[PDB]
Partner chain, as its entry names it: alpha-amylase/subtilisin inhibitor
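For reference, the chain that follows is the form solved without its partner chain, supplied as structure tokens.
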């Protein structure tokens, strides 16, 4: 499985609605190109996506898709947001590899 980069509101809408229909966890990496910690977490996030094919891993550039960043009050990067069927389940703020890994394991399992 791969990380899906979302570059438009249309793409966001399509990914979220398809995930919601399939009732699967969505994990969103809110990122910025200039942000150092974001570069550090890119491989960690991509690795987790391969390890958890039942969940959808999305990448959102906060400068590219401002309404989506604003929707979730994202002003710190990287922010990893966990969402299932319209509800925010968790958030990880910063380059915390252990916390991100643990929370993906917690939320991606059968509920």
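Residue numbers count along the first chain shown, from 1.
The protein also exists as the form deposited with its partner chain bound; that form is not presented, and the subsequent description refers to it.
> Ok, 77, 49, 68, 26: which has a heavy atom sitting within 4.5 Å of its partner chain in the deposited bound form?
Exactly one listed residue reaches within 4.5 Å, namely 77.
> Find out whether any non-hydrogen atom of residue 42 is located within 4.5 angstroms of its partner chain in the deposited bound form, and reply yes or no.
It does not: once its partner chain is placed as it appears in the deposited bound form, residue 42 has no heavy atom within 4.5 Å of it.
> Any chance residue 14 has a heavy atom within 4.5 Å of its partner chain in the deposited bound form?
Judged by the heavy-atom cut-off of 4.5 Å, residue 14 is well away from its partner chain in the deposited bound form.
> Does residue 95 make contact with its partner chain in the deposited bound form, using a 4.5 Å heavy atom cut-off?
Flag for residue 95 set to yes.
> Do residue 36 and its partner chain share at least one heavy atom pair within 4.5 Å in the deposited bound form?
It does: once its partner chain is placed as it appears in the deposited bound form, residue 36 has a heavy atom within 4.5 Å of it.
> Which residues, if any, of 12-28 lie within 4.5 Å of its partner chain in the deposited bound form when only heavy atoms count?
Contacting residues: none.
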